Each structure stands twice: as structure tokens, then as C-alpha cells.
>>> print(open('model-v2.pdb').read())   # PDB, C-alpha atoms
MODEL        1
ATOM      1  CA  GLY U   1     -15.573  16.442  13.758
ATOM      2  CA  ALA U   2     -12.454  14.401  13.013
ATOM      3  CA  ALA U   3     -11.207  11.396  14.940
ATOM      4  CA  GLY U   4      -7.978  13.165  15.866
ATOM      5  CA  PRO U   5      -4.873  11.125  16.905
ATOM      6  CA  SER U   6      -6.373   7.752  17.790
ATOM      7  CA  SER U   7      -5.590   4.066  18.381
ATOM      8  CA  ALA U   8      -8.668   3.449  16.176
ATOM      9  CA  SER U   9      -6.835   4.536  13.018
ATOM     10  CA  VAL U  10      -4.124   1.992  13.819
ATOM     11  CA  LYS U  11      -6.608  -0.786  14.428
ATOM     12  CA  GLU U  12      -8.656  -0.045  11.292
ATOM     13  CA  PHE U  13      -5.526   0.065   9.127
ATOM     14  CA  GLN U  14      -4.592  -3.441  10.321
ATOM     15  CA  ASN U  15      -8.151  -4.552   9.594
ATOM     16  CA  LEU U  16      -7.539  -3.493   5.978
ATOM     17  CA  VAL U  17      -4.375  -5.537   5.896
ATOM     18  CA  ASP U  18      -6.038  -8.632   7.359
ATOM     19  CA  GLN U  19      -8.999  -8.412   5.093
ATOM     20  CA  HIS U  20      -7.303  -7.729   1.747
ATOM     21  CA  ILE U  21      -3.543  -8.127   2.082
ATOM     22  CA  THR U  22      -3.245 -11.463   3.906
ATOM     23  CA  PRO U  23      -5.029 -13.513   1.284
ATOM     24  CA  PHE U  24      -3.270 -11.365  -1.307
ATOM     25  CA  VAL U  25       0.033 -12.564   0.017
ATOM     26  CA  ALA U  26      -1.074 -16.218  -0.133
ATOM     27  CA  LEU U  27      -2.306 -15.879  -3.716
ATOM     28  CA  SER U  28       0.907 -14.062  -4.652
ATOM     29  CA  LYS U  29       3.198 -16.860  -3.490
ATOM     30  CA  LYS U  30       0.891 -19.331  -5.173
ATOM     31  CA  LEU U  31       1.174 -17.499  -8.492
ATOM     32  CA  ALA U  32       4.946 -17.210  -8.795
ATOM     33  CA  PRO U  33       8.270 -16.572  -7.000
ATOM     34  CA  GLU U  34       8.847 -13.109  -8.451
ATOM     35  CA  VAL U  35       5.310 -12.093  -7.570
ATOM     36  CA  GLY U  36       5.695 -13.500  -4.051
ATOM     37  CA  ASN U  37       9.009 -11.686  -3.660
ATOM     38  CA  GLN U  38       7.595  -8.322  -4.881
ATOM     39  CA  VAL U  39       4.508  -8.520  -2.682
ATOM     40  CA  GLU U  40       6.754  -9.469   0.256
ATOM     41  CA  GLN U  41       8.378  -6.029  -0.127
ATOM     42  CA  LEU U  42       4.964  -4.326  -0.445
ATOM     43  CA  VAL U  43       3.968  -6.030   2.825
ATOM     44  CA  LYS U  44       7.056  -4.669   4.545
ATOM     45  CA  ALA U  45       6.265  -1.163   3.258
ATOM     46  CA  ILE U  46       2.705  -1.575   4.465
ATOM     47  CA  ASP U  47       3.773  -2.765   7.935
ATOM     48  CA  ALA U  48       6.229   0.171   8.119
ATOM     49  CA  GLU U  49       3.353   2.488   7.188
ATOM     50  CA  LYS U  50       1.227   1.037   9.993
ATOM     51  CA  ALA U  51       4.052   1.845  12.365
ATOM     52  CA  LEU U  52       4.229   5.407  10.983
ATOM     53  CA  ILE U  53       0.468   5.837  11.611
ATOM     54  CA  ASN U  54       0.884   4.514  15.175
ATOM     55  CA  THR U  55       3.831   6.884  15.820
ATOM     56  CA  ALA U  56       1.934   9.903  14.430
ATOM     57  CA  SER U  57      -1.094   9.089  16.613
ATOM     58  CA  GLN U  58       1.215   9.448  19.612
ATOM     59  CA  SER U  59       3.735  12.112  18.560
ATOM     60  CA  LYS U  60       3.863  15.723  17.524
ATOM     61  CA  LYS U  61       4.460  16.485  13.841
ATOM     62  CA  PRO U  62       8.269  16.194  13.465
ATOM     63  CA  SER U  63      10.725  18.476  11.652
ATOM     64  CA  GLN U  64      10.983  17.783   7.913
ATOM     65  CA  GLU U  65      14.425  16.264   8.591
ATOM     66  CA  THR U  66      13.020  13.875  11.157
ATOM     67  CA  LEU U  67      10.060  13.168   8.842
ATOM     68  CA  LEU U  68      12.449  12.001   6.094
ATOM     69  CA  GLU U  69      14.176   9.507   8.310
ATOM     70  CA  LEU U  70      10.824   8.001   9.429
ATOM     71  CA  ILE U  71       9.753   7.281   5.837
ATOM     72  CA  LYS U  72      13.149   6.242   4.523
ATOM     73  CA  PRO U  73      12.360   2.573   5.120
ATOM     74  CA  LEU U  74       9.084   3.045   3.254
ATOM     75  CA  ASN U  75      10.873   4.511   0.265
ATOM     76  CA  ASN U  76      13.403   1.660   0.196
ATOM     77  CA  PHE U  77      10.789  -1.113  -0.060
ATOM     78  CA  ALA U  78       8.934   0.902  -2.702
ATOM     79  CA  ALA U  79      12.207   1.051  -4.672
ATOM     80  CA  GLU U  80      12.683  -2.743  -4.452
ATOM     81  CA  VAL U  81       9.139  -3.199  -5.695
ATOM     82  CA  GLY U  82       9.952  -1.408  -8.964
ATOM     83  CA  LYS U  83      13.368  -3.043  -9.453
ATOM     84  CA  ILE U  84      11.830  -6.454  -9.250
ATOM     85  CA  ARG U  85       9.206  -5.643 -11.813
ATOM     86  CA  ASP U  86      11.652  -3.774 -14.104
ATOM     87  CA  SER U  87      13.903  -6.893 -14.291
ATOM     88  CA  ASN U  88      11.061  -9.279 -15.063
ATOM     89  CA  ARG U  89       9.670  -7.872 -18.279
ATOM     90  CA  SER U  90       9.707 -11.416 -19.783
ATOM     91  CA  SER U  91       7.762 -12.875 -16.878
ATOM     92  CA  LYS U  92       4.296 -14.176 -17.609
ATOM     93  CA  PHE U  93       3.328 -12.250 -14.481
ATOM     94  CA  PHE U  94       4.641  -8.879 -15.700
ATOM     95  CA  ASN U  95       1.112  -7.436 -15.592
ATOM     96  CA  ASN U  96       0.825  -8.550 -11.941
ATOM     97  CA  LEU U  97       4.187  -6.994 -11.088
ATOM     98  CA  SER U  98       3.253  -3.765 -12.939
ATOM     99  CA  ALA U  99      -0.139  -3.460 -11.237
ATOM    100  CA  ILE U 100       1.925  -3.062  -8.082
ATOM    101  CA  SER U 101       5.024  -1.236  -9.328
ATOM    102  CA  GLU U 102       3.046   1.465 -11.129
ATOM    103  CA  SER U 103       0.832   2.137  -8.116
ATOM    104  CA  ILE U 104       3.451   1.796  -5.338
ATOM    105  CA  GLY U 105       3.352   5.592  -4.954
ATOM    106  CA  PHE U 106       0.049   5.041  -3.073
ATOM    107  CA  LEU U 107       2.288   4.536  -0.019
ATOM    108  CA  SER U 108       3.197   8.225  -0.188
ATOM    109  CA  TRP U 109      -0.246   9.316   1.005
ATOM    110  CA  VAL U 110       1.288   9.673   4.462
ATOM    111  CA  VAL U 111       3.078  12.827   3.261
ATOM    112  CA  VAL U 112       0.605  14.175   0.696
ATOM    113  CA  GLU U 113      -1.529  17.143   1.827
ATOM    114  CA  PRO U 114      -4.261  18.131   1.835
ATOM    115  CA  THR U 115      -5.369  15.356  -0.581
ATOM    116  CA  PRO U 116      -3.986  11.959   0.519
ATOM    117  CA  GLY U 117      -7.193  10.151  -0.421
ATOM    118  CA  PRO U 118      -7.269  11.478  -4.005
ATOM    119  CA  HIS U 119      -3.576  10.491  -4.270
ATOM    120  CA  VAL U 120      -4.296   6.816  -3.509
ATOM    121  CA  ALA U 121      -7.191   6.851  -5.995
ATOM    122  CA  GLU U 122      -4.918   8.237  -8.707
ATOM    123  CA  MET U 123      -2.442   5.458  -7.955
ATOM    124  CA  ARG U 124      -5.200   2.850  -8.033
ATOM    125  CA  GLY U 125      -6.076   4.222 -11.463
ATOM    126  CA  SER U 126      -2.577   3.195 -12.514
ATOM    127  CA  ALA U 127      -2.720  -0.328 -11.090
ATOM    128  CA  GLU U 128      -6.067  -0.852 -12.865
ATOM    129  CA  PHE U 129      -4.550  -0.216 -16.299
ATOM    130  CA  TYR U 130      -2.646  -3.437 -15.603
ATOM    131  CA  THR U 131      -5.210  -5.267 -13.450
ATOM    132  CA  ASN U 132      -7.658  -4.848 -16.345
ATOM    133  CA  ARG U 133      -5.199  -6.718 -18.570
ATOM    134  CA  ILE U 134      -5.074  -9.414 -15.968
ATOM    135  CA  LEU U 135      -8.878  -9.660 -15.842
ATOM    136  CA  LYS U 136      -9.176  -9.563 -19.626
ATOM    137  CA  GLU U 137      -6.816 -12.570 -19.759
ATOM    138  CA  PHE U 138      -8.114 -14.597 -16.821
ATOM    139  CA  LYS U 139     -11.691 -13.640 -16.107
ATOM    140  CA  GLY U 140     -13.539 -16.942 -16.277
ATOM    141  CA  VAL U 141     -10.400 -18.963 -16.754
ATOM    142  CA  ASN U 142      -8.241 -18.510 -13.674
ATOM    143  CA  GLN U 143     -10.121 -17.458 -10.515
ATOM    144  CA  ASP U 144      -6.855 -17.078  -8.578
ATOM    145  CA  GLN U 145      -5.682 -14.358 -10.957
ATOM    146  CA  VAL U 146      -9.123 -12.717 -10.568
ATOM    147  CA  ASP U 147      -9.035 -12.924  -6.760
ATOM    148  CA  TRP U 148      -5.458 -11.532  -6.741
ATOM    149  CA  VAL U 149      -6.702  -8.509  -8.718
ATOM    150  CA  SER U 150      -9.711  -8.120  -6.473
ATOM    151  CA  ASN U 151      -7.763  -8.229  -3.143
ATOM    152  CA  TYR U 152      -5.395  -5.458  -4.325
ATOM    153  CA  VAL U 153      -7.940  -3.119  -5.938
ATOM    154  CA  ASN U 154     -10.312  -3.458  -2.954
ATOM    155  CA  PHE U 155      -7.393  -2.891  -0.636
ATOM    156  CA  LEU U 156      -6.738   0.443  -2.387
ATOM    157  CA  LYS U 157     -10.470   1.217  -2.506
ATOM    158  CA  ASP U 158     -10.849   0.599   1.229
ATOM    159  CA  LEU U 159      -7.624   2.509   1.917
ATOM    160  CA  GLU U 160      -9.123   5.630   0.297
ATOM    161  CA  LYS U 161     -12.159   5.314   2.619
ATOM    162  CA  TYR U 162      -9.977   4.718   5.645
ATOM    163  CA  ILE U 163      -8.090   7.951   4.775
ATOM    164  CA  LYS U 164     -11.198  10.074   4.194
ATOM    165  CA  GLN U 165     -12.224   8.922   7.641
ATOM    166  CA  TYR U 166      -9.050   9.038   9.809
ATOM    167  CA  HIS U 167      -6.579  11.285   7.939
ATOM    168  CA  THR U 168      -8.774  13.396   5.647
ATOM    169  CA  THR U 169      -6.362  16.224   4.951
ATOM    170  CA  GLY U 170      -3.120  14.408   5.832
ATOM    171  CA  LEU U 171      -1.588  11.843   8.191
ATOM    172  CA  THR U 172      -2.955  12.657  11.684
ATOM    173  CA  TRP U 173      -0.266  13.771  14.155
ATOM    174  CA  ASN U 174      -0.669  14.468  17.882
ATOM    175  CA  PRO U 175       0.012  18.127  18.966
ATOM    176  CA  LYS U 176       0.218  16.992  22.645
ATOM    177  CA  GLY U 177       2.201  13.910  21.694
ATOM    178  CA  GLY U 178       5.707  12.852  22.446
ATOM    179  CA  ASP U 179       8.849  12.822  20.381
ATOM    180  CA  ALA U 180       8.466  10.811  17.160
ATOM    181  CA  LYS U 181      12.247  10.740  16.802
ATOM    182  CA  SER U 182      12.586   8.288  19.681
ATOM    183  CA  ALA U 183       9.967   6.051  18.097
ATOM    184  CA  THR U 184       9.388   2.355  18.875
ATOM    185  CA  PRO U 185      12.272   0.516  17.109
TER     186      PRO U 185
ENDMDL
END
>>> encode(input="model-v2.pdb", output="C-alpha cells")
Amino acid sequence: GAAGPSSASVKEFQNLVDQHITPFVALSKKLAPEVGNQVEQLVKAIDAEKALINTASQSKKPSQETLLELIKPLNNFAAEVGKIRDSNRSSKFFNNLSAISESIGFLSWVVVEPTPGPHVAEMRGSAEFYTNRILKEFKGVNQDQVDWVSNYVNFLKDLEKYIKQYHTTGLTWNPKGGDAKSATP
């Protein structure tokens, strides 16, 4: 069987953030301002996504109209992520910014059906084109660059497992739930 709507999917998602994203954020600020700024937006998108998962675990699947308003914030941060990287082509951290910008679509797993897991993996494939450049340049020379790459890639790897487990064929909603519309602002 499946887990169904469950506080466990909310808890495990946060465990993924604590494990991979928190140190990622520290490394990011340590690397450079533009990288810290772009990851700061990713974090906001991620936190918004956690809230979406929590709402879905407690609410019935909303109308498509309502479901666009709930992810609008997500889309906005994703947008900022790309703008930052697009305007920093001369940055020595362009590969870092592109690992994220070119895989930001991973956030959209919450509305991809019935293959959200494969969607994140495809996106990870895109970040890796750039994280491989990072490793090629810093493997054995800058462990912080290596650890930055590792936190992100493993975050996406664990995210795919989390999905296969708690939202196999799509974000899990609650048929006997409440109204998502009047969410928890």
C-alpha cells in the first residue's frame, strides 16, 4: 500500500532539507554573494513546497484554478533563480548558478503526474551537466566546491526516493480533507 495523506511526508521532506539543504545554504553564502542570493530563492521555493505538501496532506485536491494560486509563489522564486543566473554569465560561479537554474524545474514535481519522480531525475540530469564541470575544476583542489555539488545532487537523489515513497504517482491529496483554498497563511 501507499502512505496516503500523512504528516510523515511532511516530516521526511524537512529531513531532506536539514540534511542536504542547510549545509548547502552555508556553503553557498561562503562561495559568493550571487550564489548565496540564488540559493536563498531556492530555499524559499523549497519551504513553499513543504507548505504545499502539508496542505495537500490535509486538503482535498483543489480545482485547477485554486491549484494555480497555491503554486504561484513557487513559480515566482523559480523565475528569480533563472534571472539571477542569466545576469551573471561573467561570474566565476556561473556553473554553480546554472547547476541550479537549469534544474529548477524539479520543483514542478508537485504537479507532474503520474511520473513526478522521473521528472526530478530528469532535472537532476540537467544540474549534473554543470555540476560535473564544477567537479572537473575543483575535485581535489577546493573541497567546498565539491561539497556544494554533493549536497545539491544528493538532495535531488534523496528527493526522488522520497517521492517514490510518499507521492509515487503525484502529490498526495486528502479526499476527506478540508479546503486547501483557506490554507495556513
>>> residues_around(input="model-v2.pdb", residues="range 135-137 of chain U", least_positions_apart="2", cutoff="12 Å", atoms="all atoms listed in the file", output="list in words")
residues 92, 93, 95, 96, 99, 128, 129, 130, 131, 132, 133, 139, 140, 141, 142, 143, 144, 145, 146, 147, 148, 149, 150 and 153 of chain U
>>> write_last_selection(input="model-v2.pdb", atoms="C-alpha atoms", output="PDB file, in the coordinates of the input")
ATOM      1  CA  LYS U  92       4.296 -14.176 -17.609  1.00  0.00           C
ATOM      2  CA  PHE U  93       3.328 -12.250 -14.481  1.00  0.00           C
ATOM      3  CA  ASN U  95       1.112  -7.436 -15.592  1.00  0.00           C
ATOM      4  CA  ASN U  96       0.825  -8.550 -11.941  1.00  0.00           C
ATOM      5  CA  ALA U  99      -0.139  -3.460 -11.237  1.00  0.00           C
ATOM      6  CA  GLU U 128      -6.067  -0.852 -12.865  1.00  0.00           C
ATOM      7  CA  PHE U 129      -4.550  -0.216 -16.299  1.00  0.00           C
ATOM      8  CA  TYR U 130      -2.646  -3.437 -15.603  1.00  0.00           C
ATOM      9  CA  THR U 131      -5.210  -5.267 -13.450  1.00  0.00           C
ATOM     10  CA  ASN U 132      -7.658  -4.848 -16.345  1.00  0.00           C
ATOM     11  CA  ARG U 133      -5.199  -6.718 -18.570  1.00  0.00           C
ATOM     12  CA  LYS U 139     -11.691 -13.640 -16.107  1.00  0.00           C
ATOM     13  CA  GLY U 140     -13.539 -16.942 -16.277  1.00  0.00           C
ATOM     14  CA  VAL U 141     -10.400 -18.963 -16.754  1.00  0.00           C
ATOM     15  CA  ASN U 142      -8.241 -18.510 -13.674  1.00  0.00           C
ATOM     16  CA  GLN U 143     -10.121 -17.458 -10.515  1.00  0.00           C
ATOM     17  CA  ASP U 144      -6.855 -17.078  -8.578  1.00  0.00           C
ATOM     18  CA  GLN U 145      -5.682 -14.358 -10.957  1.00  0.00           C
ATOM     19  CA  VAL U 146      -9.123 -12.717 -10.568  1.00  0.00           C
ATOM     20  CA  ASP U 147      -9.035 -12.924  -6.760  1.00  0.00           C
ATOM     21  CA  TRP U 148      -5.458 -11.532  -6.741  1.00  0.00           C
ATOM     22  CA  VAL U 149      -6.702  -8.509  -8.718  1.00  0.00           C
ATOM     23  CA  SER U 150      -9.711  -8.120  -6.473  1.00  0.00           C
ATOM     24  CA  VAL U 153      -7.940  -3.119  -5.938  1.00  0.00           C
TER      25      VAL U 153
END
>>> atom_distance(input="model-v2.pdb", atom1="CA of residue 44 in chain U", atom2="CA of residue 74 in chain U")
8.1 Å
>>> residues_around(input="model-v2.pdb", residues="residue 155 in chain U", least_positions_apart="6", cutoff="10 Å", atoms="only C-alpha atoms", output="PyMOL selection string")
chain U and resi 16-21+24+124+149
>>> resolve_selection(input="model-v2.pdb", expression="the PyMOL selection byres ((chain U and resi 78) around 12)", output="count of residues only")
34
>>> atom_distance(input="model-v2.pdb", atom1="CA of residue 61 in chain U", atom2="CA of residue 174 in chain U")
6.8 Å
>>> closest_residue(input="model-v2.pdb", among="U:56, U:32, U:26, U:3", to="residue 110 in chain U", atoms="only C-alpha atoms")
U:56
>>> residues_around(input="model-v2.pdb", residues="residue 159 in chain U", least_positions_apart="4", cutoff="9 Å", atoms="only C-alpha atoms", output="list in words")
residues 13, 16, 117, 120, 154, 155, 163 and 164 of chain U
>>> closest_residue(input="model-v2.pdb", among="U:121, U:185, U:179, U:169", to="residue 2 in chain U", atoms="all atoms listed in the file")
U:169
>>> closest_residue(input="model-v2.pdb", among="U:27, U:12, U:7, U:58", to="residue 175 in chain U", atoms="only C-alpha atoms")
U:58
>>> atom_distance(input="model-v2.pdb", atom1="CA of residue 123 in chain U", atom2="CA of residue 165 in chain U")
18.7 Å
>>> closest_residue(input="model-v2.pdb", among="U:35, U:25, U:156, U:8", to="residue 91 in chain U", atoms="all atoms listed in the file")
U:35
